[PDB]
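Peer 1: Take a look at the following structure, please.
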Amino acid sequence: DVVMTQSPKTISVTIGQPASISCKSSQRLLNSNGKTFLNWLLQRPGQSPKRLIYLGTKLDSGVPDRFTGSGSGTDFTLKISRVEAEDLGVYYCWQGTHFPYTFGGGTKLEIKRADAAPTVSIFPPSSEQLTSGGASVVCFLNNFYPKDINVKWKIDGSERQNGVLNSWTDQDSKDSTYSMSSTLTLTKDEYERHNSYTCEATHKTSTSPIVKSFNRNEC
Amino acid sequence: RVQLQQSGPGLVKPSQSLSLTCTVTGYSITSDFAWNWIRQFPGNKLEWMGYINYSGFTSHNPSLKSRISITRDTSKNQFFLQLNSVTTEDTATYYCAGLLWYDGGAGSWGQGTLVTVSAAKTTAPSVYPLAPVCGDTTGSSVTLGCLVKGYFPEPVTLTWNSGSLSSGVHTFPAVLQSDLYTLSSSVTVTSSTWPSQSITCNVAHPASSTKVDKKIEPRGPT
C-alpha cells in the first residue's frame with residue numbers, strides 16, 4: 001500500500017498571501033504511459049471533497065487558476081498564489097497509480113485574521129422542556145478569533161462543570177471566525193432549585209471574562 | 001455536467017449489510033468513467049472502497065476483502081454499494097465519485113450519505129425554542145436559538161424561516177451521549193426587526209419522518 005504523507009498538518013495564512021503544501025508518496029506515481037495519477041482535493045467544512053489538480057500538474061475542470069500542482073516521482077506540491085477566505089478547509093492528495101488507491105491524511109488550511117472577541121448569549125430552559133423534567137441552559141460564543149476559548153458555568157455564584165457539553169464550528173469563510181456552543185443540562189427539579197445562571201467566556205481579546213447571566217423566573 | 005447523488009438506509013444493525021445507491025445524471029454510466037465508492041471516517045480519514053467502470057469491470061480495496069460488492073443497473077443509470085458483516089467500525093460518511101478512466105479527471109462527488117452501524121433505536125427529536133433574556137434584547141443585534149435534543153440517528157436538517165434566513169446563522173455539530181444526539185443553532189438579526197418579523201426554526205429528522213416548525217416567542221408578553 002502506497003503511503004501518502006502530507007505536511008504540514010495545519011497551516012495558518014493571511015488573506016492575500018501564498019500557501020504551499022506538500023505530499024510525498026512511498027512509491028513513484030508515474031505509469032507506463034507517461035501519466036502521473038496524482039490529484040489534489042479540497043474539502044470545505046460540511047462539503048464533499050472537490051477536484052483541484054489531476055495528472056500531477058494539470059488544473060482540473062472549472063478549478064480557479066490560483067492553484068498550481070507540481071512535482072514528479074514521489075514529491076508533489078500544491079501552491080495557492082494568493083489565499084482567499086473561501087480556500088479554508090482540508091487538502092488531500094490521492095494516488096491512482098498503485099492499487100489500492102490511497103489518500104494523504106490531509107492538510108488543514110486556516111485563515112489568519114484580526115483578533116475578535118466573542119458575542120456571548122445565554123438562554124434559559126424553554127417552557128416546553130421544563131414540562132419534561134429536563135432543563136437545558138444554552139450559551140453561544142459567536143464570531144471570535146483565535147479559535148482557543150474557555151467557557152465556565154456558574155449556578156448561584158458556584159462553578160459547575162458536570163453536565164456540560166460543548167461543540168465548535170469550523171472556521172467561517174465569510175468572516176474567518178469561530179463559534180462555540182455550550183449547554184448545561186440539569187433536571188427540572190435542580191433547575192427550579194437555583195436562581196442565577198452564568199456563562200463565562202475567557203478569550204485572549206480581553207484580560208477579564210465576558211459574563212452573561214439571568215435569574216430564573218425573570219424575563 | 002455529471003451529477004451524483006447517494007441514497008440508502010442511514011442506520012444498520014451490526015453484522016447486517018449496508019446498501020447504498022448512486023444515481024448519476026447528465027452522463028451515461030456506460031461511458032468514460034470509473035464509478036467509485038469512498039468513505040470518510042469520523043476522524044476524517046478517507047478510504048477508497050472500490051469501483052465499477054463503464055464496461056462493468058470492478059475493483060475493491062483488499063481491506064474489505066469479501067465484504068464488498070459493487071454493482072450497476074444501466075437501465076436506471078445507477079451503481080450500488082453493498083457491505084456485509086458491518087460493525088461500528090464501518091460507521092462513516094459514504095461517497096460515490098466519478099473519475100475519468102483515462103486520466104482520473106473531472107472528479108464528481110455526491111453529497112455523501114451518513115451511515116451508522118448501531119443497535120440503538122431511532123428516536124425523534126424534541127425541538128426547544130431559545131428565546132433571548134429581556135436584558136439581551138436592548139442592543140442593535142439580538143440572538144435567538146433552537147435546541148434539537150434527544151434524537152437518533154443522524155442527521156437532522158435545520159433552517160430558519162424555511163431557509164429565507166441564512167445570514168448570521170450558526171448551527172453546531174451534534175454531540176452524542178447515551179445513544180442520543182443534541183444539536184443547537186443560533187441566528188442573529190437586527191434587534192429592531194424582532195419580534196415584528198417572526199423567526200421560525202424548521203427541523204427535520206428523516207429517520208423518524210418527523211418535522212417540527214417552532215416559532216420563537218419572546219419571553220414575557222406574547
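FYI, nothing fancy with the C-alpha cells labels: chains A, B, ... in order, residues from 1 per chain, ligands from 1 as they appear.
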Which chain B residues have any atom within 7 Å of an atom of chain A, and for each, what is the nearest pair of atoms with distance in Å to one decimal, counting only C-alpha atoms, rows sorted by chain and number, as a Markdown table?

Peer 2:
```
| residue | atom | partner | partner_atom | distance |
| --- | --- | --- | --- | --- |
| B:45 | CA | A:105 | CA | 6.2 |
| B:46 | CA | A:103 | CA | 6.3 |
| B:47 | CA | A:102 | CA | 6.8 |
| B:48 | CA | A:101 | CA | 6.2 |
| B:61 | CA | A:100 | CA | 5.5 |
| B:103 | CA | A:55 | CA | 6.5 |
| B:104 | CA | A:54 | CA | 6.7 |
| B:105 | CA | A:54 | CA | 5.9 |
| B:106 | CA | A:61 | CA | 5.8 |
| B:107 | CA | A:51 | CA | 5.8 |
| B:109 | CA | A:48 | CA | 6.6 |
| B:111 | CA | A:48 | CA | 6.0 |
| B:112 | CA | A:48 | CA | 6.7 |
| B:128 | CA | A:126 | CA | 6.2 |
| B:129 | CA | A:126 | CA | 6.2 |
| B:130 | CA | A:123 | CA | 5.9 |
| B:131 | CA | A:123 | CA | 6.5 |
| B:132 | CA | A:123 | CA | 5.9 |
| B:133 | CA | A:219 | CA | 5.6 |
| B:134 | CA | A:219 | CA | 5.2 |
| B:143 | CA | A:121 | CA | 7.0 |
| B:172 | CA | A:169 | CA | 5.7 |
| B:173 | CA | A:167 | CA | 6.0 |
| B:219 | CA | A:219 | CA | 5.8 |
| B:220 | CA | A:219 | CA | 6.1 |
```

Peer 1: Would you mind exporting the chosen residues as a JSON list (two decimals), in the first residue's frame, restricted to N, CA, C and O atoms?

Peer 2:
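This went into result_32.json:
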```json
[["chain", "number", "residue", "atom", "x", "y", "z"],
["B", 45, "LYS", "N", -10.43, 10.47, 7.96],
["B", 45, "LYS", "CA", -9.53, 9.72, 7.10],
["B", 45, "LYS", "C", -10.37, 9.19, 5.96],
["B", 45, "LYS", "O", -11.48, 8.70, 6.18],
["B", 46, "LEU", "N", -9.86, 9.31, 4.74],
["B", 46, "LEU", "CA", -10.58, 8.82, 3.57],
["B", 46, "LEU", "C", -10.07, 7.47, 3.18],
["B", 46, "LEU", "O", -8.87, 7.22, 3.24],
["B", 47, "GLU", "N", -10.96, 6.58, 2.76],
["B", 47, "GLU", "CA", -10.54, 5.26, 2.31],
["B", 47, "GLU", "C", -11.24, 4.91, 1.03],
["B", 47, "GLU", "O", -12.47, 4.94, 0.97],
["B", 48, "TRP", "N", -10.48, 4.60, -0.01],
["B", 48, "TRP", "CA", -11.08, 4.20, -1.28],
["B", 48, "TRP", "C", -11.63, 2.79, -1.12],
["B", 48, "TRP", "O", -10.89, 1.88, -0.72],
["B", 61, "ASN", "N", -10.85, -2.40, -2.57],
["B", 61, "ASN", "CA", -9.73, -2.40, -1.63],
["B", 61, "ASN", "C", -9.64, -3.72, -0.88],
["B", 61, "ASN", "O", -10.65, -4.25, -0.38],
["B", 103, "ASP", "N", -7.70, 9.65, -17.32],
["B", 103, "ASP", "CA", -6.72, 10.45, -16.60],
["B", 103, "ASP", "C", -7.08, 10.75, -15.15],
["B", 103, "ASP", "O", -6.32, 11.43, -14.43],
["B", 104, "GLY", "N", -8.21, 10.24, -14.68],
["B", 104, "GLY", "CA", -8.61, 10.49, -13.31],
["B", 104, "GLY", "C", -9.07, 11.93, -13.10],
["B", 104, "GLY", "O", -9.01, 12.46, -11.99],
["B", 105, "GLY", "N", -9.55, 12.55, -14.18],
["B", 105, "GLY", "CA", -10.02, 13.92, -14.10],
["B", 105, "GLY", "C", -11.53, 14.01, -13.95],
["B", 105, "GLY", "O", -12.21, 12.99, -13.78],
["B", 106, "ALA", "N", -12.06, 15.23, -14.02],
["B", 106, "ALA", "CA", -13.49, 15.50, -13.89],
["B", 106, "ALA", "C", -14.13, 14.87, -12.67],
["B", 106, "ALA", "O", -15.33, 14.58, -12.67],
["B", 107, "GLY", "N", -13.34, 14.66, -11.61],
["B", 107, "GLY", "CA", -13.87, 14.07, -10.39],
["B", 107, "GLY", "C", -15.14, 14.74, -9.87],
["B", 107, "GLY", "O", -15.16, 15.94, -9.56],
["B", 109, "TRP", "N", -18.29, 14.26, -7.00],
["B", 109, "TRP", "CA", -18.74, 13.53, -5.81],
["B", 109, "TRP", "C", -20.17, 13.82, -5.48],
["B", 109, "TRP", "O", -20.66, 14.92, -5.73],
["B", 111, "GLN", "N", -23.31, 14.16, -2.64],
["B", 111, "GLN", "CA", -23.33, 14.95, -1.41],
["B", 111, "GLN", "C", -22.86, 14.13, -0.22],
["B", 111, "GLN", "O", -22.54, 14.68, 0.83],
["B", 112, "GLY", "N", -22.81, 12.81, -0.37],
["B", 112, "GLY", "CA", -22.38, 11.96, 0.73],
["B", 112, "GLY", "C", -23.52, 11.58, 1.65],
["B", 112, "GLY", "O", -24.35, 12.43, 1.99],
["B", 128, "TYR", "N", -36.70, 22.57, 21.05],
["B", 128, "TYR", "CA", -36.96, 23.63, 22.03],
["B", 128, "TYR", "C", -36.54, 25.00, 21.53],
["B", 128, "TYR", "O", -35.45, 25.17, 20.97],
["B", 129, "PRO", "N", -37.38, 26.02, 21.75],
["B", 129, "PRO", "CA", -37.07, 27.38, 21.31],
["B", 129, "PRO", "C", -36.15, 28.07, 22.30],
["B", 129, "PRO", "O", -36.31, 27.91, 23.51],
["B", 130, "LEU", "N", -35.18, 28.82, 21.80],
["B", 130, "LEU", "CA", -34.27, 29.56, 22.67],
["B", 130, "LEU", "C", -34.55, 31.04, 22.53],
["B", 130, "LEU", "O", -34.04, 31.70, 21.63],
["B", 131, "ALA", "N", -35.38, 31.57, 23.41],
["B", 131, "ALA", "CA", -35.74, 32.98, 23.40],
["B", 131, "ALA", "C", -34.77, 33.76, 24.26],
["B", 131, "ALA", "O", -34.46, 33.36, 25.38],
["B", 132, "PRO", "N", -34.28, 34.90, 23.75],
["B", 132, "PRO", "CA", -33.33, 35.73, 24.50],
["B", 132, "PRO", "C", -33.90, 36.31, 25.77],
["B", 132, "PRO", "O", -35.11, 36.56, 25.87],
["B", 133, "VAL", "N", -33.04, 36.52, 26.77],
["B", 133, "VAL", "CA", -33.48, 37.11, 28.03],
["B", 133, "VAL", "C", -33.64, 38.61, 27.83],
["B", 133, "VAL", "O", -32.84, 39.24, 27.13],
["B", 134, "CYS", "N", -34.70, 39.17, 28.40],
["B", 134, "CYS", "CA", -35.01, 40.59, 28.29],
["B", 134, "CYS", "C", -33.77, 41.45, 28.18],
["B", 134, "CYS", "O", -33.60, 42.22, 27.22],
["B", 143, "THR", "N", -29.77, 37.82, 19.43],
["B", 143, "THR", "CA", -29.50, 36.45, 19.04],
["B", 143, "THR", "C", -30.53, 35.47, 19.61],
["B", 143, "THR", "O", -30.80, 35.48, 20.81],
["B", 172, "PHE", "N", -24.27, 24.26, 15.17],
["B", 172, "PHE", "CA", -23.13, 23.50, 15.67],
["B", 172, "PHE", "C", -23.26, 22.00, 15.45],
["B", 172, "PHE", "O", -24.35, 21.49, 15.19],
["B", 173, "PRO", "N", -22.14, 21.27, 15.52],
["B", 173, "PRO", "CA", -22.14, 19.82, 15.33],
["B", 173, "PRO", "C", -22.86, 19.22, 16.50],
["B", 173, "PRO", "O", -22.82, 19.76, 17.61],
["B", 219, "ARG", "N", -39.73, 36.17, 25.48],
["B", 219, "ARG", "CA", -40.00, 35.90, 26.89],
["B", 219, "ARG", "C", -40.87, 37.06, 27.31],
["B", 219, "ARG", "O", -40.71, 38.16, 26.79],
["B", 220, "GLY", "N", -41.81, 36.86, 28.22],
["B", 220, "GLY", "CA", -42.67, 37.97, 28.58],
["B", 220, "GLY", "C", -43.93, 37.92, 27.73],
["B", 220, "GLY", "O", -44.18, 36.92, 27.06]]
```

Peer 1: Can you pull out every residue from region 4-162 of chain A that DSSP, working from the backbone, puts in alpha helix (DSSP H), and format the result as JSON, numbers by chain?

Peer 2: {"A": [127, 128, 129, 130]}

Peer 1: Using only N, CA and C atoms, please write the residues we just selected to a file, as a PDB file, in the first residue's frame.

Peer 2:
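Dumped to result-v7.pdb:
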```pdb
ATOM      1  N   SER A 127     -40.100  26.618  28.181  1.00  0.00           N
ATOM      2  CA  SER A 127     -41.225  26.125  28.963  1.00  0.00           C
ATOM      3  C   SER A 127     -41.492  24.677  28.623  1.00  0.00           C
ATOM      4  N   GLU A 128     -41.448  24.364  27.332  1.00  0.00           N
ATOM      5  CA  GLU A 128     -41.694  23.003  26.871  1.00  0.00           C
ATOM      6  C   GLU A 128     -40.762  21.993  27.516  1.00  0.00           C
ATOM      7  N   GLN A 129     -39.461  22.252  27.509  1.00  0.00           N
ATOM      8  CA  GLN A 129     -38.557  21.286  28.115  1.00  0.00           C
ATOM      9  C   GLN A 129     -38.821  21.142  29.600  1.00  0.00           C
ATOM     10  N   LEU A 130     -39.152  22.248  30.263  1.00  0.00           N
ATOM     11  CA  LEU A 130     -39.420  22.211  31.699  1.00  0.00           C
ATOM     12  C   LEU A 130     -40.521  21.233  32.052  1.00  0.00           C
TER      13      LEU A 130
END
```

Peer 1: Write out as number ranges by chain each polymer residue whose atoms come within 10 Å of region 148-160 of chain B, counting only C-alpha atoms; drop sequence neighbours fewer than 3 positions from it.

Peer 2: A: 129, 136; B: 10-11, 113-118, 120-129, 145, 163-167, 169, 171, 174-187, 199-208, 210-215

Peer 1: Extract the full set of strand (DSSP E) residues from region 2-119 of chain B according to DSSP on the backbone, and format it as a PyMOL selection string.

Peer 2: chain B and resi 3-7+11-12+18-25+33-40+46-53+58-60+68-73+78-83+92-100+108-109+113-117

Peer 1: With only C-alpha atoms as the basis for distance, which of B:56, B:195, B:62, B:218 is at the shortest distance from residue 29 (chain B)?

Peer 2: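 Checking each candidate against residue 29 (chain B), we get B:56 as the closest.
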
Peer 1: Can you tell me how far CA of residue 203 (chain A) sits from CA of residue 176 (chain A), in Å to one decimal?

Peer 2: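 Going from CA of residue 203 (chain A) over to CA of residue 176 (chain A) covers 16.3 Å.
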
Peer 1: Which neighbours of residue 186 (chain A) fall inside 8 Å, counting only C-alpha atoms, when residues of the same chain fewer than 5 positions from it are skipped, and could you give them as a list in words?

Peer 2: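 What passes the distance filter is residues 134, 135, 136, 163 and 191 of chain A.
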
Peer 1: Quick one: of A:85, A:23, A:159, A:9, who's nearest to residue 73 (chain A), counting only C-alpha atoms?

Peer 2: A:23

Peer 1: Which residues are near region 67-82 of chain B? Cut-off 9 Å, only C-alpha atoms, ignore same chain within fewer than 6 positions. Put them as a PyMOL selection string.

Peer 2: chain B and resi 17-25+27-30+35-37+49-52+56+58-61+96

Peer 1: Got a sec: who's within 12 Å of residue 15 (chain A), counting only C-alpha atoms, leaving out chain neighbours fewer than 6 positions off, as a PyMOL selection string?

Peer 2: chain A and resi 80-88+109-114+173+175-176

Peer 1: Taking 6 positions as the minimum chain separation for residues in the same chain, which residues sit within 7 Å of residue 26 (chain A) when counting only C-alpha atoms? Answer as number ranges by chain.

Peer 2: A: 2-4, 74

Peer 1: Restrict the selected residues to N, CA, C and O atoms and save them as a JSON list (two decimals), in the first residue's frame.

Peer 2:
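Everything below was put into selection-v3.json:
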```
[["chain", "number", "residue", "atom", "x", "y", "z"],
["A", 2, "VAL", "N", 0.65, 2.09, -1.00],
["A", 2, "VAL", "CA", 1.40, 3.32, -1.10],
["A", 2, "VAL", "C", 0.97, 4.25, 0.01],
["A", 2, "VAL", "O", -0.23, 4.47, 0.20],
["A", 3, "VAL", "N", 1.94, 4.79, 0.74],
["A", 3, "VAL", "CA", 1.65, 5.71, 1.84],
["A", 3, "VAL", "C", 1.80, 7.15, 1.37],
["A", 3, "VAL", "O", 2.86, 7.55, 0.88],
["A", 4, "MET", "N", 0.73, 7.93, 1.51],
["A", 4, "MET", "CA", 0.75, 9.33, 1.10],
["A", 4, "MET", "C", 0.91, 10.19, 2.32],
["A", 4, "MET", "O", 0.03, 10.24, 3.17],
["A", 74, "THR", "N", 7.91, 11.17, -6.47],
["A", 74, "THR", "CA", 7.23, 10.94, -5.20],
["A", 74, "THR", "C", 6.92, 12.22, -4.44],
["A", 74, "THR", "O", 6.15, 12.20, -3.49]]
```
